[PDB]
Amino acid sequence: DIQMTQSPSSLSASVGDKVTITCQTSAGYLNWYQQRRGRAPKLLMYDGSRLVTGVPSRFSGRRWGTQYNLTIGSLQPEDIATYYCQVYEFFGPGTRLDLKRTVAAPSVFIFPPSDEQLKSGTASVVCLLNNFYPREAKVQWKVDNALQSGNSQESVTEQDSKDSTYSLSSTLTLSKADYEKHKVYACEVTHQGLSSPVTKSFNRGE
């Protein structure tokens, strides 16, 4: 079958920038697509070098050997979306393009579960990261210095129009009885805007 590699996994640029992307395939016949937020892909170029009618001249592609390059002459607000490279039944991992913004560090806040909720029988703890760029950030919950897995879910904002900063929420769900057993609950954050990892917690059973 076909081996496919796409890098970089993420990229950032501003209007007028030169954006280049690359994917490699042992097999031939690569094609490129543009996938915008919540929409089906749009065919941009087929065979890696041939451009489909109705696609601007800003887009052009050249490939040499086992390497295929996608290049945009002058980026525009429209272009900021995920680009995939395909060949036959296989799609690449994908690269997401985000607008360039000065690097920012996440403001970290933690909210404990409400008493009314506890009566319900479900315990929920929230950890919030705000207005941070770039998007790549890792949160991991620690209960009594015991890193927890399979109980944490999270969601992420899309880039703010002006702020250009994402936000991320992580929710930990625990049975009421289990919550009682551990005293401390901590949210550790890794980010390129943080010199050292940041941990914010409430060391209160109540």
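All residue numbers refer to positions in the sequence shown, first residue = 1.
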Mean B factor on CA atoms, stretches 88-96 and 109-117, record says higher is 109-117
Between 138-146 and 174-182 (mean CA B-factor, as deposited), the higher: 174-182
Which is it among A40, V55, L168, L30: the one with the largest CA B-factor in the entry? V55
Chain thirds by Cα B factor, record data; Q35 belongs to the lowest
Chain-relative CA temperature factor third for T5: lowest
Among all modelled residues of this chain, ranked by Cα B factor, put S161 in the bottom, middle or top third, i.e. lowest, middle or highest. highest
Compare the C-alpha B factor of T122 with those of the other modelled residues in its chain, then answer lowest, middle or highest third. highest
Sorting by Cα B-factor within the chain, modelled residues only, which third would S60 end up in: lowest, middle or highest? highest
